[PDB]
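Participant: Right, I'll just put the structure down here and ask away after.
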6 protein chains.
Amino acid sequence: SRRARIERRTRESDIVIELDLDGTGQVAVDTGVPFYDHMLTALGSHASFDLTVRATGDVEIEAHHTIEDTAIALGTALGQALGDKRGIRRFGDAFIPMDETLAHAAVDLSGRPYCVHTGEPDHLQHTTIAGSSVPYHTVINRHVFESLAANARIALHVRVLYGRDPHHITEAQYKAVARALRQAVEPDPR
Amino acid sequence: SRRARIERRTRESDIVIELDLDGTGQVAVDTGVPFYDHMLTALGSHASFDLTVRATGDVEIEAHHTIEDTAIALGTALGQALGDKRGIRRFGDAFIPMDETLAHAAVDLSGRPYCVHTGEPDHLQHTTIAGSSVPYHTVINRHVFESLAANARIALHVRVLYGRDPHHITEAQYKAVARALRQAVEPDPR
Amino acid sequence: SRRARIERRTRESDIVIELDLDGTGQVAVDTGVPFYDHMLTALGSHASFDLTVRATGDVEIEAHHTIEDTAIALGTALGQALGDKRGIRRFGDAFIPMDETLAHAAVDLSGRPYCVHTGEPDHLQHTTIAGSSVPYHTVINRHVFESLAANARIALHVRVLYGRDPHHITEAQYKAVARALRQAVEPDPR
Amino acid sequence: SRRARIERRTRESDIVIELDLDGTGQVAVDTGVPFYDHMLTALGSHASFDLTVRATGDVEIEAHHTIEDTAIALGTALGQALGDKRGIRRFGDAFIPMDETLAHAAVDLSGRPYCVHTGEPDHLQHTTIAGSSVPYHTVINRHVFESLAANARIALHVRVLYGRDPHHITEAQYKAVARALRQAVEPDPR
Amino acid sequence: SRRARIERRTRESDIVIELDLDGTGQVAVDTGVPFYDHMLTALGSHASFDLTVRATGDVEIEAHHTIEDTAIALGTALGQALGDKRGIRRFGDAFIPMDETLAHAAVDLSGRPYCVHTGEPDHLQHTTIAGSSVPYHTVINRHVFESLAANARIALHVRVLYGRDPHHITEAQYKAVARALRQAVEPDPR
Amino acid sequence: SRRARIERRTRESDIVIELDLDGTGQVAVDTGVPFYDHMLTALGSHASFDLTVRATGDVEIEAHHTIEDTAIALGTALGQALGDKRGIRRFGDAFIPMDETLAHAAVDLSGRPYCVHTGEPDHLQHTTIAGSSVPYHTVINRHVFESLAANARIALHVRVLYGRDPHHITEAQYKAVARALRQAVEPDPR
Ligand SMILES: C[C@H](N)c1ncnn1C
Ligand SMILES: C[C@H](N)c1ncnn1C
Ligand SMILES: C[C@H](N)c1ncnn1C
Ligand SMILES: C[C@H](N)c1ncnn1C
Ligand SMILES: C[C@H](N)c1ncnn1C
Ligand SMILES: C[C@H](N)c1ncnn1C
Ligand SMILES: [Cl-]
Ligand SMILES: [Cl-]
Ligand SMILES: [Cl-]
Ligand SMILES: [Cl-]
Ligand SMILES: [Cl-]
Ligand SMILES: [Cl-]
Ligand SMILES: [Cl-]
Ligand SMILES: [Cl-]
Ligand SMILES: [Mn+2]
Ligand SMILES: [Mn+2]
Ligand SMILES: [Mn+2]
Ligand SMILES: [Mn+2]
Ligand SMILES: [Mn+2]
Ligand SMILES: [Mn+2]
Ligand SMILES: [Mn+2]
Ligand SMILES: [Mn+2]
Ligand SMILES: [Mn+2]
Ligand SMILES: [Mn+2]
Ligand SMILES: [Mn+2]
Ligand SMILES: [Mn+2]
């Protein structure tokens, strides 16, 4: 019913997305960027989407191209799956506490792309989350939210009220976006 | 069930309101102040009210008297239609993104009039929204929210978190008030 | 189903709590600290808990030991009654207007104790609410929210956006916590 | 070759656009908003487009809905007329002196919507340009540039380096956008 | 006609450059520093050079020696390929929007080395762009522009007007330099 | 075709100008003010004018009268040679790096005299460039640009973005004006 498959092939990367808005959190994400996989898994899961993301790209340069192409493809999938948007809540918002961090997201499935990203501490503009694989530059958080909003053609407002840990700050925002979208896409009984 | 017809006849104006709290967004508004009509249409629609507003007044002076008398009559209608307020959520709140603008409203159907209006940029105290008819002075936004709260006998908190466009800022607040009221008036299953 | 009886006996006090998460606001609170009774009655009632609190302690010293032991016991009861937390909303938040005051609470039933308490005016750190019985030092507000979060093993974020009256400020926060918990404990239909 | 006809019919307005990128400045604009007509005539003319804009809307509210719908439709027309964007300069920029005013615009026909609007004096956020017809609120300048960029799917950077007259400031920006687009859409001989 | 092959062999690295000023963007770059490869590919491509860069060096230390030796060799190639500079535009400049970033470069093929690098945010002095290979320290951006200007014996002015993403900021500057050089090297018909 | 001879005889000086807009940089300048000769030679040359300037005046007082009368006569020559301005680019701009200095000029051949001169360091208001002949007070730079714009009846915006050497700062501005005029006077193929 509210399903979309998107294939996005650029010079930099290859994305396949399958998205059901009316899922149960059946999520599988593989981008070659394990922190990004974790954020997109949290997003699909907390939005009660069924979501599959398979992506490969030029991670020898860094994660940016793959992260962005994935967020563009995912936005386009959200846009297509929503269709005409008849009968939905349209507006959604969620607070996510994560230990010391409090994040908020608010959505209007308006059909007009807009993203306002505020309150993220300045040190996230040069912070790296790094393990044994491809690292994740938190400066990309904004870019992901912008790409998503631009291609789904929605208003997306993401706020960090406060926080310290860059992992708590980043995950709280992805989870906020996710639960905001969940409320906004659900059928409006009136 | 939760219906009220209010007639308000002053030296300055004539107001008829018909309000059903349990509507489907069947809204008709005619005040001679077309921007106000647009805001009150957004309010009735986003609150899932059935609402009829017919108003005439001294618009040769300006919109103020008609705007205020209408907001007083509309408040009184909300107050009467709520009745004893048995079994309702009582508390409601909503975030409204509108492009660059984010507004919020929170309500307590307490039976104690109170309005706190914060965060609206200072230039809305001398901004005019003007077309081919009677103009709308955004300084009146507060007055409308105050009049509504005073006569419905509710606590109404309206916040502009941020914004630039006076039309986005004003409409976002009316829509926030509307969805806050919608959540607050709905039956509480517990 | 989601019931817990907690008995807590310290050198300073004796607490019995009985808590049903799936109640109708059947609340009885007796701590010897009548303002605290009023706050805990508001909390149980606004959370739609069935709640019984019987506490006696060393109020000849002041309310602190009894308030804290009660909040610890109540937290432990919330923790036990939630059990494995299968199938619940998990996240909850609420705005509470109270005349001039606006408070907010957000919860994550994470299993990781955390409390962030912000925005409370500085004069509540030496304010007393006093009647004909044992008085209530508002400096204890934070301590109560911290104790509750620590022993229920949840993330609890409590914000005063603004306010003036210490009674409005305190009650608004307890009511916010209550409605945040109510949303968070309810079954998630998905 | 690089032609597009767009029809956009909303609740608020009716837009017809016909756009040839490879024109000689054959421009006809009728929106019911004569200052807007003047700005869009300057844009089509200074971009050497052939452009026809016919729009009607709810100007009894004010110009906003009609201005925005027109800018959305015009953006969509630019997007469609560019097609695959094979063989073009892609990047374009122009300085426009206008008496005391200096404006600049830079474009990347990237396929990624983005608009950065800077340097416009603060008083243009509540300035009105008013004649004998529907007035023009200069706060809308940004909104127009944003709408255009979002729907043409280009990067558009518009700068006021300095200026005083709101008419000089506004027209200089529209002319800058126009000549930036003209350079960017032209065939790249290499 | 305007071709140069440069071989540069230091203790730290081995560089081979082949450069045609009058190319079609036939570019192949391999330095062992994949982000640098991406920047130098963008530069050759956006300048419509035919360009081959093969470099190996002491990347076990970090990218610096290889980046610098490559920029020195590339500058020397630009210098030799320009020859006597008879009949060329000499002056060139370009604006590059890249999402939120706006960069500018201006060139004078003067025969006097000079580089002015301004406006780059302070956090790019300790930012790393890191993937699965050798990372790129953005502090090197200036060094690259300086090395290039010193060895091509040109005036090179590179400006970041504004920006946030270090990848957008860096790539925008390389693209600006590239299009500035493209305009400056082209035959002057007068 | 686009030629003008101007003779200007005041109490203070005697000017003969011959100007072809469609020249090859055939320039001869003799004012008795050798630094001025150098600046006007750079201007005619970098604008691809054919230009002859012969001037004599009261240099025993200082260069001012001769500089100004020459700039007035030269402006009048530009005005007359442009004629009706049918079919020209009209708008032109150029960046000129000169070692540490970056200057910019933008022109609108509008038929409305206007000059905005900004960014020149304050010490150029009392700097002298002095050799073995009549010296040049850099405070006159503005006066020259103003005189030129007033009598050619064009908008001329001249910016020093930054610089240190008064000779680099002055020459960069004359060269910027020159290349801005060159782009603006050239035939517009559309
Ligand atoms: C496991 C969860 N994703 C988490 N990330 C950082 N902190 N926590 C609790
Ligand atoms: C049409 C809607 N009422 C609106 N007003 C201002 N902007 N937008 C989108
Ligand atoms: C009765 C209620 N608990 C209250 N306390 C302070 N103000 N109000 C209304
Ligand atoms: C006529 C032109 N559109 C203009 N508008 C304001 N000033 N000027 C010269
Ligand atoms: C693909 C392109 N090189 C790019 N890098 C960062 N952002 N974008 C669009
Ligand atoms: C020779 C040229 N006119 C010049 N003047 C000052 N510096 N330079 C290079
Ligand atoms: Cl989780
Ligand atoms: Cl709407
Ligand atoms: Cl109550
Ligand atoms: Cl908030
Ligand atoms: Cl014009
Ligand atoms: Cl600039
Ligand atoms: Cl590119
Ligand atoms: Cl020279
Ligand atoms: Mn990007
Ligand atoms: Mn995690
Ligand atoms: Mn009044
Ligand atoms: Mn509207
Ligand atoms: Mn204690
Ligand atoms: Mn009370
Ligand atoms: Mn709008
Ligand atoms: Mn005009
Ligand atoms: Mn070095
Ligand atoms: Mn890139
Ligand atoms: Mn003078
Ligand atoms: Mn010189």
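Ordering of the structure tokens sets the chain letters (A, B, ...), residue numbers begin anew at 1 in every chain, and ligands are numbered from 1 in the order given.
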All residues within 9 Å of ligand 14 are required, counting only C-alpha atoms and all ligand atoms; please report them as a ChimeraX atom specification.

Facilitator: /E:110 /F:42,45-46,171,175

Participant: Restricted to N, CA, C and O atoms, what would the selected residues look like written as a compact mmCIF listing (two decimals), in the first residue's frame?

Facilitator:
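What follows is the written file result-v9.txt:
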```txt
# COMPACT_ATOMS: atom_id res chain seq x y z
N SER E 110 50.45 36.33 -13.65
CA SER E 110 51.34 37.52 -13.57
C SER E 110 52.81 37.13 -13.79
O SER E 110 53.58 38.03 -14.20
N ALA F 42 47.22 51.69 -17.87
CA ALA F 42 46.68 50.40 -17.38
C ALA F 42 45.19 50.34 -17.69
O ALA F 42 44.74 49.29 -18.17
N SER F 45 44.55 50.11 -21.63
CA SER F 45 45.14 48.82 -22.06
C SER F 45 44.26 47.64 -21.60
O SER F 45 43.84 46.82 -22.47
N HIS F 46 43.92 47.57 -20.32
CA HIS F 46 43.15 46.43 -19.75
C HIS F 46 41.68 46.48 -20.20
O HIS F 46 40.99 45.43 -20.15
N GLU F 171 46.51 50.56 -8.46
CA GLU F 171 46.58 49.95 -9.81
C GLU F 171 45.53 48.84 -9.93
O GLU F 171 44.89 48.73 -11.00
N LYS F 175 42.67 48.73 -12.87
CA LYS F 175 42.61 47.53 -13.74
C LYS F 175 41.23 46.87 -13.62
O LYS F 175 40.72 46.39 -14.63
```

Participant: Would you name the residues within 7 Å of ligand 17, counting only C-alpha atoms and all ligand atoms, and put them as a PyMOL selection string?

Facilitator: chain B and resi 64-65+68+143

Participant: Okay, now the selection with C-alpha atoms, as a PDB file, in the first residue's frame?

Facilitator:
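Listed below is the output, part_23.pdb:
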```
ATOM      1  CA  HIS B  64      -9.019  45.500  15.640  1.00  0.00           C
ATOM      2  CA  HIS B  65     -12.646  45.761  16.968  1.00  0.00           C
ATOM      3  CA  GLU B  68     -11.301  41.108  19.014  1.00  0.00           C
ATOM      4  CA  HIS B 143      -4.759  40.006  21.501  1.00  0.00           C
TER       5      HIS B 143
END
```

Participant: Could you name the residues that touch residue 8 (chain B) at 8 Å or less, counting only C-alpha atoms, but leaving out those on the same chain fewer than 4 positions away, as a list in words?

Facilitator: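 My reading of the contact set: residues 13, 14, 15, 16, 69 and 73 of chain B.
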
Participant: Residues of chain A within 6 Å of chain E, using only C-alpha atoms, as a PDB file with C-alpha atoms, in the first residue's frame?

Facilitator:
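See result-v1.pdb below for the written result:
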```
ATOM      1  CA  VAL A  59      34.383   5.150   1.211  1.00  0.00           C
ATOM      2  CA  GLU A  60      38.159   5.301   0.318  1.00  0.00           C
ATOM      3  CA  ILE A  61      37.459   9.119  -0.003  1.00  0.00           C
ATOM      4  CA  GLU A  62      35.248   9.058   3.146  1.00  0.00           C
ATOM      5  CA  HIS A 126      34.704  18.527  13.740  1.00  0.00           C
ATOM      6  CA  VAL A 134      34.834   3.599   7.930  1.00  0.00           C
TER       7      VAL A 134
END
```

Participant: Enumerate the residues of region 25-107 of chain B with a DSSP assignment of strand (DSSP E or B), computed from the backbone, and present them as a ChimeraX atom specification.

Facilitator: /B:27-30,50-57,88,91-98,101-107

Participant: Identify, on the basis of only C-alpha atoms, every residue whose closest approach to residue 148 (chain D) does not exceed 7 Å; exclude the query and any residue fewer than 4 positions from it along the same chain; express the result as a list in words.

Facilitator: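 These residues fall inside the cut-off: residues 71, 72, 74, 75, 144 and 152 of chain D.
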
Participant: Quick one: residues within 9 Å of residue 157 (chain A), only C-alpha atoms, excluding same-chain residues fewer than 4 positions away - as a compact mmCIF listing (two decimals) with N, CA, C and O atoms, in the first residue's frame?

Facilitator:
```
# COMPACT_ATOMS: atom_id res chain seq x y z
N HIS A 104 14.75 16.77 19.97
CA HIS A 104 13.37 16.97 19.50
C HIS A 104 13.36 17.02 17.98
O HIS A 104 14.32 17.53 17.40
N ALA A 105 12.32 16.49 17.37
CA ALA A 105 12.05 16.66 15.93
C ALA A 105 10.56 16.92 15.74
O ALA A 105 9.75 16.33 16.48
N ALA A 106 10.23 17.79 14.79
CA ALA A 106 8.85 18.12 14.40
C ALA A 106 8.79 18.06 12.88
O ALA A 106 9.74 18.55 12.21
N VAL A 107 7.71 17.48 12.35
CA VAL A 107 7.54 17.32 10.87
C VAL A 107 6.20 17.90 10.43
O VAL A 107 5.20 17.76 11.18
N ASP A 108 6.21 18.48 9.25
CA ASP A 108 5.00 18.79 8.46
C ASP A 108 5.16 18.10 7.10
O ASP A 108 6.02 18.53 6.35
N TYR A 114 11.97 21.65 3.50
CA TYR A 114 12.59 22.63 4.43
C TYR A 114 13.20 21.84 5.57
O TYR A 114 12.64 20.86 5.99
N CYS A 115 14.37 22.26 6.00
CA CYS A 115 15.05 21.66 7.15
C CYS A 115 15.63 22.81 7.97
O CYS A 115 16.32 23.68 7.41
N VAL A 116 15.28 22.84 9.24
CA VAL A 116 15.95 23.71 10.25
C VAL A 116 16.57 22.77 11.29
O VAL A 116 15.81 22.03 11.96
N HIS A 117 17.90 22.85 11.41
CA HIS A 117 18.71 22.06 12.35
C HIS A 117 19.36 23.01 13.34
O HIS A 117 20.22 23.80 12.89
N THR A 118 18.98 22.94 14.62
CA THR A 118 19.49 23.88 15.66
C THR A 118 19.90 23.14 16.94
O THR A 118 19.34 22.06 17.25
N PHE A 145 19.82 15.18 7.45
CA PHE A 145 18.46 15.70 7.72
C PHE A 145 18.04 16.57 6.53
O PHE A 145 16.91 16.43 6.08
N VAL A 177 13.58 12.22 14.81
CA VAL A 177 13.11 12.29 13.40
C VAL A 177 12.18 11.11 13.13
O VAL A 177 11.05 11.33 12.60
N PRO B 97 5.84 23.15 12.26
CA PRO B 97 6.82 23.72 11.35
C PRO B 97 6.06 24.41 10.21
O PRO B 97 5.03 23.91 9.76
N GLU B 100 10.65 28.00 7.52
CA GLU B 100 11.73 28.39 8.47
C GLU B 100 11.18 28.53 9.90
O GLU B 100 11.98 28.53 10.84
N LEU B 102 9.02 27.69 13.40
CA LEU B 102 8.56 26.58 14.28
C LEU B 102 7.75 27.27 15.35
O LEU B 102 8.31 28.16 16.02
```

Participant: If we count only C-alpha atoms, what is near region 51-57 of chain C at a cut-off of 8 Å, once residues fewer than 6 positions away on the same chain are taken out, given as a ChimeraX atom specification?

Facilitator: /C:12-20,25-32,44,65-66,70

Participant: If I take CA of residue 112 (chain D) and CA of residue 170 (chain E), how far is one from the other in Å, to one decimal?

Facilitator: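 Atom-to-atom, CA of residue 112 (chain D) to CA of residue 170 (chain E), that is 18.1 Å.
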
Participant: Using only C-alpha atoms and all ligand atoms, which residues of chain B come within 10 Å of ligand 10, and what is the closest atom pair for each, with the distance in Å to one decimal? Give it as a tab-separated table, sorted by chain and residue number.

Facilitator:
```
residue	atom	partner	partner_atom_place_in_ligand_line	distance
B:95	CA	ligand 10	1 (Cl)	8.8
B:103	CA	ligand 10	1 (Cl)	9.6
B:104	CA	ligand 10	1 (Cl)	7.8
B:159	CA	ligand 10	1 (Cl)	8.9
B:161	CA	ligand 10	1 (Cl)	7.8
```

Participant: Pull the alpha helix (DSSP H) assignments for chain E out of DSSP run on the backbone, and list those residues as a ChimeraX atom specification.

Facilitator: /E:34-46,64-82,140-152,166-185

Participant: Using only C-alpha atoms, can you tell me which of B:137, B:154, B:89, B:119 comes closest to residue 182 (chain C)?

Facilitator: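 Result for the nearest residue to residue 182 (chain C): B:89.
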